[PDB]
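Residue-level listing of the chains:
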Amino acid sequence: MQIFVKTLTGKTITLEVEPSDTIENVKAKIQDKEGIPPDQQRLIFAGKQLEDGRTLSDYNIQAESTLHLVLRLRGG
Amino acid sequence: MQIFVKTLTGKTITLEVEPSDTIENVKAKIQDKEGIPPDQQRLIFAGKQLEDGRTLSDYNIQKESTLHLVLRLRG
Amino acid sequence: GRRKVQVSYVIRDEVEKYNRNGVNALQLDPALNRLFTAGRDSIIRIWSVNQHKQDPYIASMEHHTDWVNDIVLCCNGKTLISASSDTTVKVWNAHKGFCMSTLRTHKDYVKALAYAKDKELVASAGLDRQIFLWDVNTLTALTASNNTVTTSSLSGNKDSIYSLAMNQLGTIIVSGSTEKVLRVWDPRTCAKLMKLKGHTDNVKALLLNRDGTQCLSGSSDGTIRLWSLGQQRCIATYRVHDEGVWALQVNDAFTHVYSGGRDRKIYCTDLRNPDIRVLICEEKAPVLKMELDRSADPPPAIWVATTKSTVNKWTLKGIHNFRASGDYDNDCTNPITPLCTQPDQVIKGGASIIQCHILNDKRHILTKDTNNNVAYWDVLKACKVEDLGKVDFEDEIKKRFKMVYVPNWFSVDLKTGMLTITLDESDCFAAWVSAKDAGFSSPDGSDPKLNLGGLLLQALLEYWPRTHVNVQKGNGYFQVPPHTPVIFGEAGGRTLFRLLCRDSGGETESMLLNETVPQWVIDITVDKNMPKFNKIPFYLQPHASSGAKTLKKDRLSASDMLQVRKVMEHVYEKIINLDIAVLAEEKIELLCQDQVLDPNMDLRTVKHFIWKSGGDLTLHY
Amino acid sequence: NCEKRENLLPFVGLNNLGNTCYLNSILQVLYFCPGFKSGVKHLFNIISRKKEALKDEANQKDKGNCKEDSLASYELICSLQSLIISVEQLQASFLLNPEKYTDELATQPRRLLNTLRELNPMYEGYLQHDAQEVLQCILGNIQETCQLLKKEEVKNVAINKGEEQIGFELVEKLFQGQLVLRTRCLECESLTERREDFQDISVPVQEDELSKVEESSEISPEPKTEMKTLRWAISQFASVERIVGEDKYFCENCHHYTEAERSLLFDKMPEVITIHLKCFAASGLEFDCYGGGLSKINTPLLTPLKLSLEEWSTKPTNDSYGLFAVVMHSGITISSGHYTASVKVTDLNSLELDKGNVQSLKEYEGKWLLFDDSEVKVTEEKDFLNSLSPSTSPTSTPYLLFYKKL
Ligand SMILES: [Zn+2]
């Protein structure tokens, strides 16, 4: 499975995961491969915000899917 | 007992087997003769896939039988 | 780096007087009135065509390890060059009857030979798409000091070559192959001359005249084409045969051609006008090669080699009488009468083994000859036991059904019309048999476990000096007959060496044996290293009908030679208990899939016969 | 918001379950096979009658052995017909009035996916799988159910009446055909042939890494240069193959390893010919035995819209074939990619429900489609063929071609 991770800057990041993997695991892998902390990651699919306690299949996330990753900053 | 196998390129190869060898043995021999790992390849005889584990007799495979060989195009 | 070396050996008598398979080629030496047969049984036999002789046999020279596809008698009938399907072309000595020098340059089945009498030039084409010109004067001069000859070669072929021809002057060489195109070189310079097209299938017979300006092609599609090499084009086609044409002959004047092929008939066609044709004879098998009697013009008789073991000479007297009869049958509804009914001379041949079956003890073979006779061989001892004769084969198989199992340890191939055993490192030492089961009894009653493959290979090289342990020789159990051939040929390819068992005692064979034999044969033959022992895992659980509570599933392991009697004695001593054998028999029953198991019937036998499943063997008590 | 103008085709896609592009493509091509829908409907009618009869007679009958193998074989047809009914109902609802489906129009095939994954354990999870393999599994299970039903009806028993026999051999009469495995020894010229069934033609695809001429200067260089068409590939599959060298035929007529000419012949032709392109390749070398040299041939063949197996058929074949559906792999390797079906919606006159139980949809008659999972977009014939050519698209490489007898 390949999912395109898109931020507000127009950057596309490819991440290889499995739908059985939880959203928290996806955020951890994104942090490992990009440096963005999982807490700052806001994942939106079809107008729905992903919950770290759920999995990709729970939110029905497909392959080659563009997910709107929003960077959340604590302080400002 | 001698069986033919249609390789990927379309050319046939011959294998020396017996009616009492599993499909795993046949796939290992095809790996030896072509280099494709046994897990990747698939064998089709008489329009049906050869499920791993089953022997050769239960597929009524006799001399001069051809097993078409294909890979796994996952998607 | 090096391929797989398979050790083979053949069970045969000291002398195979008659042919034991089809005959592939014939050569006649009118100086001595001798006949050479190139049988498919890998033996060259020298006959005496003189009719008043009661026994036409003279001698034999056997060195090939596979079919003998074609032979040419060179040096005014002094040296014989034979092309065999063991990827070798050899140098015999027709007058003496032995081989001098073997050429292994080809890398596939050599299928043809061409002779140029004027220059003593011999070419050798094969299935490896190569042509190798040779000079007999250089070939017959090969010695130990000078055993390397520059491999004069021809290039251009892209298909396996099935025929070859050189004119007498040695200036034109034509090769026929599955390419269906005759590629012509100039053997003096090796330059390509031209390619001849028109044959729609494989070509197996090629003839050339004296000056090399004309050629005759015999093709597997059943047509004959006369090639005029000056114009690089055919000039006449002869659709005389129904089935294929595999043998051709022509007289000195290059006027009449005697064709013979699959449909077992031979005709004589006037090359000038093919309207007239006389059926020489109708053979009992497809004709492979012929050889005219060139002691007179017109030829007095034609010798014929068929797929059968019998060689027949057919008389050509009265061909002019038959042609002068005026029987111009314009209607095809009238069958042409064969000129000869029975052969003028017969060379008696034997029977070829056509069906083989190895009994479950993997030591005896039941072989069915072409006379429908069945035999009873002994692979380990390499000797025929009983020729049961014309009895039904299947009934004889079921009569000799055994209740024991021995793992496969060789293969049997009847390519040479005789029985040949091939041993491979992968499985040769897979068979282990108790001494009592094998039939050899020690004086003290001990029963050692003997590897049949190793015990055979020890005897196959018993005369080998390195194997004499300081005098102990071979294995000490039996003795394979000395005249038994031993072959060390690579897997699916060439053959490195062939010798009789008694040949190892000499020097040159001994010096070549160490190089030719591979290391895994030395593992047991010389190093005396006992091969690997196969092991069996199995399960022991109480039976449901026994009434005892289910015990822990213990996955015990042992060897395949462990008798069920030992396992049942151990179970009786360690399960229910917690002279002995008889009480265990009368009290304890061991069952696999709930059926009583024979105490003397071993575990691998259980796997093969009763369990019939891919999982681990399960035993219930 | 008007990039696509909220345009939705009446034809229904299928919302993939995350990685079911292969299965969804296979279901979409299978949906348009001529007679497959009617065959499955007939099978469902038979299954339902048998199930209700067994339910009625369960109380009277004692020791009822309801094995779950037959139950699962029955359940596969159950799920297939349920999915077909749901898809057709949603199609009709959208056709009547599409306001409720402003977004994508698709039905989730959860039932059939669950049926497959309980039937075949290797579909568990949401991995990626070969579309050909899924088609093989579905067709094999349907054939197994059909032969079980035929055996049961034969045991029960022992103008035109062929309507009841239409569905009992659906796989046999649709996908499976007959071959002749003719082998001719070259040393004795004896023809020994076998007669093996087939359902798909495993057609080779070759990359320019084999059959390399050593010199090309002294020897004849080459006969001709030609872009590998489908006819060439089929001939490579089913023409005279001289078995030489490392592999030689063992002729029992002469008891020797002799060269042979093997030629496969098409005796009986199924109504739907499946051509399984071998776009994968071993790359010749094994890449220093690094777990095999797996590769994909991104350059397709010049597949035509028509086919005629007369060149490799025993009897003179006077009936040609016509392409109607292709399954394309849009990846760069074999371990991953985006499967996409491409079917030609046609045969509307015979596109009817089974009898055992046109102009409205003619707007798309004879037009290709691109079922990209839940997203459906129509592609015209000419640009689709252009993309099929190797010059244009090195990504959407075709994998399966289905031809229906005309
Ligand atoms: Zn043959």
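Thresholds applied
- Residues numbered from 1 in each chain as written, not as in the entry; some residues may be left out.
- Chains lettered and ligands numbered in written order.
- Heavy atoms only, no water.
- Helix = DSSP H or I, 4+ residues; strand = E, 2+ residues; numbered from the N terminus.
- Rg over C-alpha atoms; globule rule 2.2 N^0.38 Å.
- Buried < 20%, exposed > 50% of the residue type's maximum accessible area, 1.4 Å probe, protein only.
- Contact = heavy atoms within 4.5 Å.
- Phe/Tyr/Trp six-rings, centres within 6.5 Å; stacked < 30°, edge-to-face > 60°.
- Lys NZ or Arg CZ within 6 Å of the ring centre and 35° of its normal.
- Buried area = accessible area lost by both parts, 1.4 Å probe.
- Salt bridge = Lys/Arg side-chain N within 4 Å of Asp/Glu carboxyl O.
- Polar contact = N/O pair within 3.5 Å; in protein donor to acceptor, adjacent residues only side chain to side chain.
- Nonpolar A, V, L, I, M, F, W, Y, C, P; charged D, E, K, R; others polar.
- Donors = N, O, S within 2.8 Å, 3.2 Å for Na, K, Ca; no water.
- Tetrahedral: all angles 85-135°; square planar, octahedral: opposite > 155°, others 65-115°.
- Pairing = 2+ DSSP bridges.
- Axes fitted to C-alpha atoms, helices over the stretch in contact; angles between N-to-C directions.

Going by the header, the method for this PDB entry is cryo-EM, and the resolution given is 3.04 Å.

Q: Please explain the overall build of chain A as it appears in this structure.
A: What chain A contains, in helices and strands, is one helix and five strands. Put simply, chain A runs from its N terminus to its C terminus through helices and strands in the order β-β-α-β-β-β. Over its C-alpha trace chain A gives a radius of gyration of 11 Å, about what one expects of a compact globule, namely 11 Å for 76 residues. Based on the C-alpha atoms only, the size of chain A along its principal axes is roughly 35 × 25 × 25 Å. Counting all 76 residues of chain A, 38% fall into the buried class. Across chain A, every contact between residues at least 6 apart in sequence was considered, and the portion connecting residues at least 24 apart equals 56%.

Q: Sorry, what's going on with the packing of aromatic side chains here?
A: Geometrically, a pair of aromatic rings is defined through the distance of the ring centres and the angle of the planes. Summed over the entire model, instances satisfying the criterion amount to 20 aromatic pairs over all chains. Here D:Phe324 and D:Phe402 contribute two aromatic rings whose centre-to-centre distance is 6.4 Å and whose plane-to-plane angle is 55°, an arrangement assigned as tilted. When sorted by exposure, D:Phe324 lands in the same class as D:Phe402, which is buried. Taken together, C:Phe440, C:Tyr477 and C:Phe478 form an aromatic cluster joined through their ring pairs. Lying across the ring of C:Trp246, C:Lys204 places its NZ or CZ 5.1 Å from the centre. Over the ring of C:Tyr376 we find C:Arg400, and its NZ or CZ is 4.1 Å from the ring centre.

Q: For this particular structure, what's the right way to read the interface of chain B and chain D?
A: Interface size is often expressed as the accessible area that is lost when the parts come together. Between chain B and chain D, the residue contacts involve 35 residues of the former and 56 residues of the latter. The junction of chain B with chain D conceals about 3600 Å² of combined surface from both sides, 51% of it contributed by carbon and sulfur atoms. If you sort the residues of chain B by the area they bury against chain D, B:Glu64, B:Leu73 and B:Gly75 come out on top, with a joint share of 23%. In this structure, the connection of chain B to chain D is made through five salt bridges. A salt bridge links B:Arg72 to D:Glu133, with the nearest nitrogen and oxygen atoms 2.7 Å apart. Our enumeration of links across chain B and chain D arrives at 21 residue pairs in polar contact. For the side of chain B that touches chain D, the secondary-structure elements that each account for two or more residues are strand 1 (2-6), strand 2 (12-16), helix 1 (23-34), strand 3 (42-45) and strand 5 (66-70) of chain B. Partitioned by chemical class, the residues of the side of chain B that touches chain D number 12 nonpolar, 14 polar and nine charged.

Q: How do you make sense of the coordination of the zinc ion when you look at a structure like this?
A: Working reference: metal with six octahedral donors, ideal angles 90 or 180 degrees; metal with four tetrahedral donors, ideal angle 109.5 degrees. All names here are of chain D. Distances from the zinc ion to its protein donors, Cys185 (SG), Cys188 (SG), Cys251 (SG) and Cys254 (SG), fall at 2.3 Å. Its four donor atoms give the zinc ion angles of 106 to 113° at the centre, a pattern that matches the tetrahedral case. Ordering the donors of the zinc ion by residue number gives the pattern C-x2-C-x62-C-x2-C. Using a relative accessible area of 8% as the deciding quantity, one classes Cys188 as buried.

Q: For this particular structure, what's the right way to read the pattern of salt bridges?
A: Pairing between side chains becomes possible if they bear opposite charge and their charged atoms approach one another. Throughout the structure, instances matching the rule amount to 45 salt bridges over all chains. Of the charged contacts in the structure, one is a salt bridge between B:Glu51 and B:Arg54, with a shortest N-O distance of 3.6 Å. With relative accessibility at 32%, the residue B:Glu51 sits in the partly exposed group. Put simply, D:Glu381 and D:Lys344 hold a salt bridge, and the shortest N to O gap is 3.5 Å. Note on D:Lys344: relative accessible area 13%, which makes it buried. Through salt bridges that share partners, B:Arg42, B:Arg72, D:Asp130 and D:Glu133 make up one connected network.

Q: How do you make sense of unusual backbone geometry when you look at a structure like this?
A: Only a minority of non-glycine residues have a phi that is not negative, and only a minority of peptide bonds are not trans. The residue after C:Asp297, namely C:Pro298, is reached through a cis peptide bond having omega 0°. Following the sequence through the fold, C:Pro298 ends up in the loop between strand 26 (287-292) and strand 27 (301-306). In this structure, A:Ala46 takes a positive phi of about 55° despite not being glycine. Note on placement: A:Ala46 falls in the loop between strand 3 (41-45) and strand 4 (48-49). By relative accessible area, A:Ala46 is classed as exposed at 57%. If you check the backbone angles, D:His255 has positive phi at about 55° while not being a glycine.

Q: Quick question: what am I supposed to make of the interface of chain C and chain D here?
A: At the interface, 29 residues of chain C touch 18 residues of chain D. Summed over both sides, the interface of chain C with chain D buries roughly 2000 Å², with 39% coming from carbon and sulfur. Three residues stand out in chain C for area buried against chain D, namely C:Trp67, C:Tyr109 and C:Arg262, and they jointly supply 21% of the buried area on that side. Counting across the chain C and chain D interface gives five salt bridges. In this structure, D:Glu218 engages C:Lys192 in a salt bridge whose closest nitrogen and oxygen atoms are separated by 2.8 Å. In this assembly, chain C and chain D are joined by nine residue pairs in polar contact. Its residues assigned to classes, the side of chain C that touches chain D comprises seven nonpolar, seven polar and 15 charged.

Q: Looking at this structure, how should I read the arrangement of the chains?
A: Considering every one of the three pairs of chains in contact, the largest contact total is recorded for chains B and D. One finds no contact linking chain B with chain C; the least C-alpha distance across the pair is 8 Å.

Q: How do you make sense of the sheet that holds strand 9 (residues 98-103) of chain C when you look at a structure like this?
A: Where strands meet in a sheet, backbone hydrogen bonds hold them as pairs that are either parallel or antiparallel. All names here are of chain C. Spatially, the four strands line up as an open sheet ordered 6-7-8-9, and their pairing is antiparallel. Single-partner strands in this sheet number two, and they are strand 6 (68-74) and strand 9. The sheet shows a mean angle of 25° between the axes of neighbouring strands, taken without regard to direction. Bridge count between strand 6 and strand 7 (residues 79-84): six bridges; the pairing is antiparallel. Residue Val68 lies in a different strand from strand 7, and its bridge partner there is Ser84.

Q: What am I meant to see in the environment of B:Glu18 here?
A: Residues and elements named next belong to chain B. Topologically, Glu18 is positioned in the loop between strand 2 and helix 1. Along the chain, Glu18 and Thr55 lie 37 residues apart, while their C-alpha atoms are 9.7 Å from each other. Excluding its chain neighbours within four sequence positions, the residues that come into contact with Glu18 are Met1 and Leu56.

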